[PDB]
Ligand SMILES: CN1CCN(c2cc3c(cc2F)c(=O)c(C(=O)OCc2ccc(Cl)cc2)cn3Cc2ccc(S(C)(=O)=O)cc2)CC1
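Before any questions on how it binds or moves, here is one chain, the form deposited without the named molecule, in structure tokens.
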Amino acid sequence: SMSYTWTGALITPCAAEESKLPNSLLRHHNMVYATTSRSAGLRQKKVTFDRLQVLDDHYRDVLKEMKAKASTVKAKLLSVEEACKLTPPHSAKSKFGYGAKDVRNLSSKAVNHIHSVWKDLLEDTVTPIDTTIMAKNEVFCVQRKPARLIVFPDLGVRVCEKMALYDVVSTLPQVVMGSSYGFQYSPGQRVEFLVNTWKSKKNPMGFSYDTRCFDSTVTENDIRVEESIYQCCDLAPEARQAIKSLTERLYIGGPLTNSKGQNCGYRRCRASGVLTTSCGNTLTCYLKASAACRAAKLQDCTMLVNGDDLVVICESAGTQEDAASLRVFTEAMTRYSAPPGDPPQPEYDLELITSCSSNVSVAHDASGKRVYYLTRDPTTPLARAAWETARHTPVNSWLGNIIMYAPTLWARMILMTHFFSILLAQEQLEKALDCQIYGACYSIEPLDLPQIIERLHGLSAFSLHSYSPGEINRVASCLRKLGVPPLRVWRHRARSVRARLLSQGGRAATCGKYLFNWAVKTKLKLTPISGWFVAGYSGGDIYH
């Protein structure tokens, strides 16, 4: 079938959308843009086509193996009150007379509607359920993406998703997929696994595989396969009917209504904005890629999967033979309707592989031992940091980034420095901020960072020191490219910030001591002082 059919009604904005900044961070303000509904038509072209899927024996053996593991999972229905509490405070309000706040407070009005939306699921496994369709506002840097398309149901139904399926998507993927399930790894757990599976090969070769617009490629068959997988769990029979209902009425497809209540058409592929999207896309990607490995007679594959993002580390068979096996791999994905975006490439250096927007690189600790840590090109982080300082958004990527990328050259010299500067100047150190980790919202007190980082990356994150030539040049380049003060200017800014931090005592002093010891010249000596990197919930409307 067609991934989407369109009526012609436009995808419409909710309010005024900014596509530009209105400066101590970066001078090239004209290089940073946000996507808007003005690019919707273009994204619409990219994401719509007919899907021709052809399964094979490898697909069925992997599935049968996945089903066997899934059958050992037992999972419980969630109550209204547990599901309510998981709803973020600023989730989109219902069109039936209530908002997230009412939900979170167990207002009998929201809860009654939730009850009646559940009953209807139990009674009706057929009528497609309505979705809103919207163009996302995401900041990027020049060199231009069309907005991505977010699709999601009413709050009422979201709460019910949590009821039927929160336990399933939190628990199953790890069990079905073992060490291949990416969202079980904190950043240092993730480097840990990758580096060890790399060294475990005799003659290693790795590749990432970018699937072209994954959500579009996910077929209605795919989503029932996914369901059948969920169905193998030992489920309470009321969860069983809700799950059949939700997949048939929402996950499989349905009508697309825009911000003004007009009909834009009909989706027959993955909604980005539903509970099962991450889990589903991971299962579906792991399944299809596991089979593509078997087709291409790739030897001794270890895989790592995070939604549509896929890495494979395996035994090389020579460079010709590799390049070819990759072409066979690609051909099979394509048959399974997960065609290529960038055509995949063999790498023989773990550092050059990019997966989950990230790569392994190596630094040294105080003692001089070698430490592997996880980094990325800092462009999008810096851009969005410049955006976030300019226009006050309720979302704070800088902080997530500091948390995910705390050992890096750039998060430490640039992000830590800049933002502790804003917070000191604004007297807002003590204020918690919401940030997103694997699609769940957490409230985080910026003063806790020292502990947080020690816990997630160890003590060495405060003293890594001979970063690699490739890393340094990427960061230095990105800086010139974007118009950001070079690294030596951040050193002098950090000495200033550290000092102000220290004079305040308490936890601000701890932040200054630990976060900024790289900047001093004579080092102080640094002694010691969750449910976070467990699952993927992006699109999933989850709060903690």
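Each residue number is its position in the shown sequence, starting from 1.
Omitted here: the form solved in complex with the named molecule. The next part is about that form.
Taking the partner from the other structure, the named molecule in the deposited bound form has a heavy atom within 4.5 Å of a heavy atom of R412. Proximity of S468 to the named molecule in the deposited bound form: non-hydrogen atoms within 4.5 Å are present. Remark: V475 counts among the residues lining the named molecule in the deposited bound form, judged by a heavy atom distance of 4.5 Å or less.
Under a 4.5 angstroms non-hydrogen atom cutoff, the named molecule in the deposited bound form has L479 among its neighbouring residues. Residues of just one listed stretch (205-213, 95-103, 234-242, 458-466) have heavy atoms within 4.5 Å of the named molecule in the deposited bound form: 458-466.
Checking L487, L63, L55, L502 against the named molecule in the deposited bound form, a heavy atom within 4.5 Å turns up for just one residue: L487.
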